[PDB]
């Protein structure tokens, strides 16, 4: 417009500062499908070690055929919200299937877990209530709590002592309902949350439990229901949120599961559910097929855990410092941010695709490179990757 010139100038300045601080996120164009071997625009094939394709279902032919079948049987889109004319039979079918898979009474579907978390806390909790969140919760949970008028309390990561202290402070504040929100798996450390201690403190202080099993559902546990099956704390965890964009396929969608009263109140008052388009029939059909496929074979889970144990053993032997325990997310702790950036660059030169993270996302100087295992990797590709990692670590004067 007129004054716009100054406005965009400020934005450009900010962008340039982001480039100066070394935090500019650049997207790498992919020309192939989502699998273990990915083709970039430069023509090179690289081994992908930074995708949430834990079970390799993002290119599974059964899911592709189920999506085609869904598009032929129920159409491409709904072009309406759920309560008007966007609810098909496959939606309720997937909801019942998810409720039985997770062991809850009912579920409600969103187009993403971001909107599932955003539309939960404000719909349930008033000013009288209180929310107690782990300090390292996901950004969607943080924004959803920001939309909630409840009393807000945080406790440092996995510090059950601070959790009990904040519970006491919540009771003293006169809180009606108290909700404890936590990720099932902290997506930057590869550590599973201490669910038994949380449930015990909840029963001690009479509080509700919410778990975000986005990085857990599909393979964590005996049936892969999530971390609530990992610690055997089903029926003690009240609300469970999750996504389909991780192990459960990798397309899109989210869900919230709990007793029918909460789910009805969500269908009546959750703003993303009322003012956003319904879930596409292809994704719903593919997710139903995902649930069936996970009921048919635990082979992919065993492959993933074998890959994880092999990676952890071979990388711990070579002198690398690894974090986390008992999960497909294995971070390589590097310390300095520039070291993490150079490690990612060099590993890309050797044909391995990884991503490092520094200050605004993880503390300084605890810079790390988050490698993510996958059931699509074979020990040929795994060993090629691990060898490349050890080569880069030796070249950078890291491991000796």
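Residue numbers count along the first chain shown, from 1.
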property: Comparing 332-340 with 42-50, the one whose average Cα B-factor in the PDB entry is higher; result: 42-50
property: Greater mean Cα temperature factor according to the PDB record, 9-17 or 376-384; result: 376-384
property: Given 258, 174, 119, 254, the residue at which the Cα B factor reaches its maximum; result: 174
property: Options 123, 277, 140, 316 - largest CA temperature factor per the record; result: 316
property: Assigned third (lowest, middle, highest) for the C-alpha B factor of residue 297; result: highest
property: B-factor third for the C-alpha atom of residue 327 within its chain; result: highest
property: Ranked C-alpha temperature factor of residue 196 among modelled chain residues, by third; result: middle
property: Chain thirds of CA B-factor: placement of residue 63; result: highest
property: Position of residue 356 among the chain's modelled residues by C-alpha B-factor, lowest, middle or highest third; result: highest
